[PDB]
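Take a look at this one chain, the form deposited in one PDB entry, written out in structure tokens.
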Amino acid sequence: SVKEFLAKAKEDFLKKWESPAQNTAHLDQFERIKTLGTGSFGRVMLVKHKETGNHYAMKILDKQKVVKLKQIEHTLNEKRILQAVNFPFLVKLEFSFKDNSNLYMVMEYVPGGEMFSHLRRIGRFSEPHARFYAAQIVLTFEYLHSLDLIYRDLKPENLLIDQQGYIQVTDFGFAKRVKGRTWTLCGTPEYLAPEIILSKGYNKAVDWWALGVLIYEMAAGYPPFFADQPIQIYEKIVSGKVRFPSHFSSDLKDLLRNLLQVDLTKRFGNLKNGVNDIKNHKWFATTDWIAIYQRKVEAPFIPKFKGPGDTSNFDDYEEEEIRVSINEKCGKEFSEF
């Protein structure tokens, strides 16, 4: 049944995986409005598609910067994976294309902003609020992992809240399809599993560890391992010690001890019963997984929405022109994009 669903899902995913959509729009088809976020090798902007008037979020990557940061293959992974997946809590890729200078991915615009912004402002979420979001991640990971995908960058900065108050997972820049083990040091310091820090060779269990960090941060207001410098964060992560706020329920602590488990033969998500050890944990006893998947559960809050194109749920960023060189850069490197 779940197995039945995942089978058809894999069948759909593979058709697209083997025959990726490519070159499905052009820069001039979009009016650029405002930067929604920005950092290494690119930015994401709110745009309007001229022929339809729809708004989208367009990620713009500078090919030369991608090459210097050694992110060529990770970028190809991101686009090939995003064009192939389909799940209610995964942001959709509607168009992609490239020009002499940049790569572009045009995604649904999610006007409610990042969970990060809301969580930092409110301080922490109640357990029922955190459980509502955590449930959607659990199902999204059940989906991605069944397609042999590892996501590798779970954090509130990468989770958007939509107009119904549900989560859309974005930022697939480190996602990878791999059977068996992989070794790349990537992720965000507060969310790395011990085996990534220790250069061990790792698999989807790192996403389940990251879910434990995320649930902790949502419910506490701060992550379980924090310091002023990454090295001190890593020393805390590998120590085997974790402390919980005194307001955490006993069921919540027990789930987190099993997720934030350094020993892989004991980490929930990674045992004989797979994701079911998580879905059937007492902390989730009230969660109706089907109702969540169907978006039938009432959300903890609906973001304020002041009209189409409104960005007030996003921070302001310095704006920079989109320059397109008269010469093609890095054509060979990104030919399959």
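Note that residue numbering follows the sequence shown and begins at 1. Here the rigid core means the biggest group of C-alpha atoms that line up within 1.5 Å when the two forms are laid on top of each other.
The deposited model assigns a higher average Cα B-factor to 305-313 than to the other stretch when 305-313 and 57-65 are compared.
Of the two segments examined, 282-290 and 27-35, it is 282-290 that shows the higher average Cα temperature factor in the deposited entry. Out of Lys98, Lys241, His118, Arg80, it is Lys241 whose C-alpha atom has the highest B-factor in the PDB entry. When the C-alpha B-factors of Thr140, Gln164, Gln71, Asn86 are read from the PDB record, the largest value belongs to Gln164. The deposited CA B-factor of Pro189 belongs to the middle third of values across its chain. Among the modelled residues of its chain, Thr75 has a C-alpha B-factor that falls in the lowest third, as given in the PDB entry. The PDB entry assigns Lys204 a C-alpha temperature factor belonging to the lowest third of its chain's modelled residues.
The PDB entry assigns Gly112 a C-alpha temperature factor belonging to the middle third of its chain's modelled residues.
Split the chain's modelled residues into thirds by C-alpha temperature factor. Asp263 is in the highest one.
A second form of this protein, the form deposited in another entry, is not displayed here; the remarks below concern that form.
Once you line up the core between the shown form and the other one, the Cα of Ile231 ends up 2 Å or more from where it was.
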